[PDB]
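Source file: final35.cif. Holds: mmCIF, C-alpha atoms.
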```
data_upload
#
loop_
_atom_site.group_PDB
_atom_site.id
_atom_site.type_symbol
_atom_site.label_atom_id
_atom_site.label_comp_id
_atom_site.auth_asym_id
_atom_site.auth_seq_id
_atom_site.Cartn_x
_atom_site.Cartn_y
_atom_site.Cartn_z
ATOM 1 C CA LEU A 1 -8.185 -23.014 -24.251
ATOM 2 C CA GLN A 2 -11.519 -24.633 -23.170
ATOM 3 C CA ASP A 3 -9.809 -26.969 -20.641
ATOM 4 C CA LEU A 4 -7.628 -24.038 -19.413
ATOM 5 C CA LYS A 5 -10.832 -21.935 -19.030
ATOM 6 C CA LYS A 6 -12.474 -24.831 -17.095
ATOM 7 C CA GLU A 7 -9.571 -24.715 -14.566
ATOM 8 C CA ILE A 8 -9.805 -20.859 -14.703
ATOM 9 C CA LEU A 9 -13.574 -21.103 -13.877
ATOM 10 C CA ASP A 10 -12.524 -23.181 -10.815
ATOM 11 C CA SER A 11 -10.481 -20.075 -9.761
ATOM 12 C CA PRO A 12 -12.696 -17.312 -8.185
ATOM 13 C CA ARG A 13 -13.720 -14.672 -10.763
ATOM 14 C CA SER A 14 -15.168 -11.137 -10.245
ATOM 15 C CA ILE A 15 -11.186 -3.339 2.210
ATOM 16 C CA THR A 16 -11.650 -5.681 5.254
ATOM 17 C CA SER A 17 -9.024 -3.620 7.176
ATOM 18 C CA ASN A 18 -10.511 -4.603 10.588
ATOM 19 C CA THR A 19 -13.536 -6.763 9.594
ATOM 20 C CA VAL A 20 -12.247 -9.909 11.406
ATOM 21 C CA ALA A 21 -11.349 -8.041 14.653
ATOM 22 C CA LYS A 22 -14.650 -6.083 14.675
ATOM 23 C CA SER A 23 -16.639 -9.280 13.931
ATOM 24 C CA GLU A 24 -14.902 -11.214 16.771
ATOM 25 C CA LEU A 25 -15.510 -8.306 19.197
ATOM 26 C CA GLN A 26 -19.199 -8.258 18.115
ATOM 27 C CA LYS A 27 -19.629 -12.045 18.634
ATOM 28 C CA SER A 28 -18.171 -11.949 22.194
ATOM 29 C CA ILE A 29 -20.035 -8.829 23.439
ATOM 30 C CA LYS A 30 -21.980 -10.122 26.541
ATOM 31 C CA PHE A 31 -24.454 -7.227 25.979
ATOM 32 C CA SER A 32 -28.189 -7.293 25.142
ATOM 33 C CA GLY A 33 -28.661 -3.944 23.354
ATOM 34 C CA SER A 34 -28.082 -1.961 20.117
ATOM 35 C CA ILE A 35 -24.193 -2.160 20.083
ATOM 36 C CA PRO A 36 -23.872 0.449 17.242
ATOM 37 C CA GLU A 37 -21.212 -0.305 14.579
ATOM 38 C CA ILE A 38 -19.573 3.120 15.232
ATOM 39 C CA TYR A 39 -18.549 1.902 18.744
ATOM 40 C CA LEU A 40 -16.981 -1.266 17.262
ATOM 41 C CA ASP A 41 -15.213 0.830 14.564
ATOM 42 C CA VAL A 42 -13.746 3.335 17.084
ATOM 43 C CA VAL A 43 -12.696 0.491 19.477
ATOM 44 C CA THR A 44 -11.036 -1.681 16.771
ATOM 45 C CA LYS A 45 -9.240 1.202 14.955
ATOM 46 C CA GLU A 46 -7.135 2.843 17.768
ATOM 47 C CA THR A 47 -3.659 1.773 16.349
ATOM 48 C CA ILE A 48 -1.947 4.225 18.796
ATOM 49 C CA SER A 49 -3.079 3.652 22.401
ATOM 50 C CA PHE B 1 7.316 4.112 34.571
ATOM 51 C CA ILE B 2 8.160 7.856 34.430
ATOM 52 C CA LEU B 3 4.641 8.731 35.686
ATOM 53 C CA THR B 4 5.005 6.205 38.555
ATOM 54 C CA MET B 5 8.532 7.275 39.643
ATOM 55 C CA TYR B 6 8.020 11.072 39.798
ATOM 56 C CA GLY B 7 6.682 12.575 43.058
ATOM 57 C CA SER B 8 8.770 10.299 45.347
ATOM 58 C CA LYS B 9 11.856 11.213 47.433
ATOM 59 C CA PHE B 10 14.152 9.389 44.942
ATOM 60 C CA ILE B 11 12.840 11.346 41.895
ATOM 61 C CA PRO B 12 11.371 14.636 43.200
ATOM 62 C CA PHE B 13 10.082 17.573 41.128
ATOM 63 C CA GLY B 14 12.564 20.403 40.495
ATOM 64 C CA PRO B 15 14.604 22.132 37.747
ATOM 65 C CA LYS B 16 18.018 21.490 39.437
ATOM 66 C CA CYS B 17 17.673 17.652 39.576
ATOM 67 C CA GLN B 18 20.239 15.860 37.316
ATOM 68 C CA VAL B 19 17.977 12.808 36.686
ATOM 69 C CA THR B 20 15.206 14.863 35.014
ATOM 70 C CA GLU B 21 17.841 16.713 32.927
ATOM 71 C CA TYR B 22 19.291 13.360 31.759
ATOM 72 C CA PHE B 23 15.788 12.055 30.937
ATOM 73 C CA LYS B 24 14.976 15.223 28.938
ATOM 74 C CA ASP B 25 18.330 14.973 27.097
ATOM 75 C CA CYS B 26 17.556 11.354 26.102
ATOM 76 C CA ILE B 27 13.983 12.234 25.006
ATOM 77 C CA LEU B 28 15.289 15.163 22.904
ATOM 78 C CA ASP B 29 17.873 12.767 21.370
ATOM 79 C CA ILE B 30 15.249 10.185 20.250
ATOM 80 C CA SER B 31 12.567 12.764 19.307
ATOM 81 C CA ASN B 32 12.606 13.706 15.578
ATOM 82 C CA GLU B 33 9.060 15.264 15.341
ATOM 83 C CA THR B 34 8.632 13.842 11.792
ATOM 84 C CA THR B 35 7.909 10.087 12.195
ATOM 85 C CA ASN B 36 7.807 9.422 15.956
ATOM 86 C CA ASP B 37 5.614 7.553 18.459
ATOM 87 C CA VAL B 38 3.149 9.779 20.389
ATOM 88 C CA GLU B 39 4.619 8.386 23.651
ATOM 89 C CA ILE B 40 7.933 10.249 23.003
ATOM 90 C CA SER B 41 6.140 13.635 22.667
ATOM 91 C CA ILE B 42 3.926 12.879 25.717
ATOM 92 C CA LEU B 43 7.059 11.947 27.737
ATOM 93 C CA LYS B 44 8.785 15.192 26.638
ATOM 94 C CA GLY B 45 5.797 17.299 27.745
ATOM 95 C CA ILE B 46 5.388 15.433 31.059
ATOM 96 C CA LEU B 47 9.140 15.697 31.851
ATOM 97 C CA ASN B 48 9.082 19.441 31.063
ATOM 98 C CA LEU B 49 6.004 19.923 33.309
ATOM 99 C CA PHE B 50 7.615 17.956 36.186
ATOM 100 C CA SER B 51 10.881 19.942 35.790
ATOM 101 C CA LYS B 52 8.937 23.234 36.014
ATOM 102 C CA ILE B 53 7.215 22.047 39.264
ATOM 103 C CA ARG B 54 9.080 23.294 42.382
ATOM 104 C CA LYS C 1 -25.697 -20.361 -34.882
ATOM 105 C CA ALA C 2 -24.082 -20.091 -31.420
ATOM 106 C CA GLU C 3 -21.385 -17.746 -32.842
ATOM 107 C CA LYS C 4 -23.973 -15.474 -34.553
ATOM 108 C CA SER C 5 -26.027 -15.377 -31.301
ATOM 109 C CA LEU C 6 -22.848 -14.459 -29.304
ATOM 110 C CA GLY C 7 -21.642 -12.182 -32.179
ATOM 111 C CA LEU C 8 -17.923 -12.149 -31.182
ATOM 112 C CA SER C 9 -15.663 -15.158 -32.026
ATOM 113 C CA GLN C 10 -15.266 -17.564 -29.048
ATOM 114 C CA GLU C 11 -11.428 -17.324 -29.228
ATOM 115 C CA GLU C 12 -11.690 -13.504 -29.025
ATOM 116 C CA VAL C 13 -14.165 -13.747 -26.081
ATOM 117 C CA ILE C 14 -11.953 -16.247 -24.150
ATOM 118 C CA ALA C 15 -8.867 -14.042 -24.802
ATOM 119 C CA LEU C 16 -10.916 -11.023 -23.602
ATOM 120 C CA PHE C 17 -11.875 -13.003 -20.452
ATOM 121 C CA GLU C 18 -8.200 -13.936 -19.853
ATOM 122 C CA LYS C 19 -7.026 -10.292 -20.260
ATOM 123 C CA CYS C 20 -10.000 -9.117 -18.102
ATOM 124 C CA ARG C 21 -8.947 -11.628 -15.365
ATOM 125 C CA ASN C 22 -5.336 -10.315 -15.569
ATOM 126 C CA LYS C 23 -6.647 -6.710 -15.360
ATOM 127 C CA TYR C 24 -8.908 -7.706 -12.406
ATOM 128 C CA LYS C 25 -5.947 -9.300 -10.567
ATOM 129 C CA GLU C 26 -3.631 -6.298 -11.208
ATOM 130 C CA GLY C 27 -6.474 -3.881 -10.250
ATOM 131 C CA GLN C 28 -7.104 -5.845 -7.022
ATOM 132 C CA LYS C 29 -3.350 -5.722 -6.210
ATOM 133 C CA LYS C 30 -3.271 -1.954 -7.000
ATOM 134 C CA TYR C 31 -6.414 -1.405 -4.853
ATOM 135 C CA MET C 32 -4.882 -3.385 -1.946
ATOM 136 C CA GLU C 33 -1.586 -1.414 -2.256
ATOM 137 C CA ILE C 34 -3.485 1.931 -2.369
ATOM 138 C CA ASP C 35 -5.662 0.890 0.629
ATOM 139 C CA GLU C 36 -2.578 -0.191 2.652
ATOM 140 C CA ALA C 37 -0.752 3.064 1.730
ATOM 141 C CA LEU C 38 -3.850 5.165 2.629
ATOM 142 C CA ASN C 39 -4.252 3.350 5.992
ATOM 143 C CA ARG C 40 -0.517 3.771 6.780
ATOM 144 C CA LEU C 41 -0.721 7.473 5.773
ATOM 145 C CA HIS C 42 -3.858 7.949 7.954
ATOM 146 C CA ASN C 43 -2.132 6.308 10.970
ATOM 147 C CA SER C 44 1.067 8.334 10.321
ATOM 148 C CA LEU C 45 -1.017 11.546 10.021
ATOM 149 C CA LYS C 46 -2.796 10.798 13.338
ATOM 150 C CA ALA C 47 0.556 10.074 15.055
ATOM 151 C CA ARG C 48 2.139 13.215 13.513
ATOM 152 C CA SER D 1 4.519 33.684 12.248
ATOM 153 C CA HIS D 2 7.922 34.715 13.676
ATOM 154 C CA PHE D 3 7.409 32.531 16.782
ATOM 155 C CA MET D 4 6.341 29.495 14.710
ATOM 156 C CA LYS D 5 9.252 29.920 12.222
ATOM 157 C CA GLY D 6 11.828 30.416 15.012
ATOM 158 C CA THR D 7 10.663 27.371 17.018
ATOM 159 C CA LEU D 8 10.784 25.192 13.828
ATOM 160 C CA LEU D 9 7.035 24.483 14.238
ATOM 161 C CA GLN D 10 6.035 26.212 10.937
ATOM 162 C CA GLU D 11 7.926 23.589 8.853
ATOM 163 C CA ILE D 12 6.219 20.745 10.805
ATOM 164 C CA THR D 13 2.808 22.407 10.175
ATOM 165 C CA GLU D 14 3.615 22.824 6.443
ATOM 166 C CA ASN D 15 4.715 19.149 6.191
ATOM 167 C CA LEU D 16 1.547 18.023 8.052
ATOM 168 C CA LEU D 17 -0.673 20.221 5.794
ATOM 169 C CA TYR D 18 1.044 18.866 2.631
ATOM 170 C CA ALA D 19 0.635 15.267 3.898
ATOM 171 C CA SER D 20 -3.044 15.978 4.794
ATOM 172 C CA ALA D 21 -3.677 17.430 1.292
ATOM 173 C CA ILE D 22 -1.956 14.369 -0.273
ATOM 174 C CA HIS D 23 -4.101 12.100 1.973
ATOM 175 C CA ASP D 24 -7.332 13.890 0.921
ATOM 176 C CA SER D 25 -6.367 13.685 -2.791
ATOM 177 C CA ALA D 26 -5.387 10.000 -2.330
ATOM 178 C CA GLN D 27 -8.750 9.293 -0.583
ATOM 179 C CA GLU D 28 -10.665 10.985 -3.462
ATOM 180 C CA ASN D 29 -8.592 9.006 -6.032
ATOM 181 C CA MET D 30 -9.150 5.839 -3.913
ATOM 182 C CA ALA D 31 -12.943 6.466 -4.056
ATOM 183 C CA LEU D 32 -12.679 7.015 -7.856
ATOM 184 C CA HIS D 33 -10.572 3.803 -8.135
ATOM 185 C CA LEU D 34 -13.133 1.890 -6.000
ATOM 186 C CA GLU D 35 -15.924 3.094 -8.360
ATOM 187 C CA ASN D 36 -13.747 2.147 -11.382
ATOM 188 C CA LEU D 37 -12.919 -1.262 -9.787
ATOM 189 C CA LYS D 38 -16.657 -1.876 -9.140
ATOM 190 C CA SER D 39 -17.413 -0.937 -12.793
ATOM 191 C CA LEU D 40 -14.557 -3.245 -13.932
ATOM 192 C CA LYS D 41 -15.906 -5.988 -11.575
ATOM 193 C CA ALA D 42 -19.384 -5.567 -13.149
ATOM 194 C CA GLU D 43 -17.788 -5.724 -16.658
ATOM 195 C CA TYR D 44 -15.785 -8.835 -15.592
ATOM 196 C CA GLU D 45 -18.989 -10.383 -14.111
ATOM 197 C CA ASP D 46 -20.575 -9.779 -17.555
ATOM 198 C CA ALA D 47 -17.391 -11.315 -19.075
ATOM 199 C CA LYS D 48 -17.812 -14.313 -16.670
#
```
As structure tokens:
Amino acid sequence: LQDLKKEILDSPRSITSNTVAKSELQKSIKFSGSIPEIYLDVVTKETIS
Amino acid sequence: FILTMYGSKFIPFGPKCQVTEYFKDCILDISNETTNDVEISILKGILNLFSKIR
Amino acid sequence: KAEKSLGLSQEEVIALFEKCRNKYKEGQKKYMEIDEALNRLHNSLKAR
Amino acid sequence: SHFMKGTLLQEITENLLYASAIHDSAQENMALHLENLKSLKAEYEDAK
């Protein structure tokens, strides 16, 4: 059980719906300003238009 | 495409035109109003408005 | 001495960790399924 | 009421309201499950 636990410890122990898209939009923003997170959230969560 | 075509000589506004009637018939066929894309409802409204225009 | 300091038997604690890991994995899968269902329902509600 | 029932819009409104109520209940249960998952994650961190 100890050796099995050692391999289990190697395995990670204890939402991100649009985190990657919002992060990539934030990195390439070409804007020196506040850029509030609400704007990024509304832009990256359209899903319709 | 529908927005671009309407208003020309080929596809003019009017209730008697057969093309608009065919388009409305097709839109009513696809439309279910339970699980449908917003574009279908927008097309239905726009086609109805264009048909009403004389 | 180590057992009395820990209190619970090491075999029981390792079995509890294994069952806790299984519960964590199933809870994470349930949470992901609920989140996906909620997002799909929210998008469907907006479209409807 | 008569106009909405005749035009088959009342049933769509009832279905949308039922789906919205289910979504709100699911969001509240999702928040409760997130709190429970965080408590389980803290318990599993203690187990780790």
Legend entry - Target residues per the PyMOL selection byres ((chain D) within 8 of (chain C)), formatted as a PyMOL selection string: chain D and resi 16+19-20+23+26-27+30+33-34+37+40-41+44+47-48
Give one line per residue of chain B that approaches chain D to at most 12 Å, naming the two atoms of the closest pair and their distance in Å to one decimal, counting all atoms listed in the file; sort by chain then ascending residue number and deliver it as a tab-separated table.
```
residue	atom	partner	partner_atom	distance
B:32	CA	D:12	CA	10.6
B:33	CA	D:12	CA	7.7
B:34	CA	D:12	CA	7.4
B:35	CA	D:12	CA	10.9
```
At most 12 Å is the cut-off: for each residue in chain A with any atom that close to an atom of chain B, write down the nearest atom pair and the distance in Å rounded to one decimal, counting all atoms listed in the file, chain first then increasing number, as a tab-separated table.
```
residue	atom	partner	partner_atom	distance
A:47	CA	B:37	CA	11.1
A:48	CA	B:38	CA	7.7
A:49	CA	B:38	CA	9.0
```
Legend entry - Selection under test: the PyMOL selection byres ((chain A) within 12 of (chain C)); residues as a PyMOL selection string: chain A and resi 1-6+8-9+11-18+45-49
Legend entry - Separation of atom CA of residue 53 of chain B from atom CA of residue 13 of chain B in Å: 5.6 Å
Legend entry - Å distance separating atom CA of residue 45 of chain B from atom CA of residue 13 of chain D, one decimal place: 18.5 Å
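Separating atom CA of residue 37 of chain A from atom CA of residue 22 of chain A is a distance of 8.7 Å.
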Inset, instruction - Would you mind listing what lies within 12 Å of residue 48 of chain B as JSON, numbers by chain, with only C-alpha atoms counted and same-chain residues fewer than 6 positions away left out? - result: {"B": [13, 14, 15, 20, 21, 22, 23, 24, 25, 27, 28, 41, 42, 54]}
Inset, instruction - Enumerate, as a VMD selection string, the protein, DNA and RNA residues whose atoms approach (-11.2, -7.9, 17.8) to within 12 Å, taking into account only C-alpha atoms and the coordinate frame of the file. - result: chain A and resid 17 to 29 40 to 46
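Shortest atom-to-atom contact with chain C among B:5, B:11, B:40, B:17: B:40, counting all atoms listed in the file.
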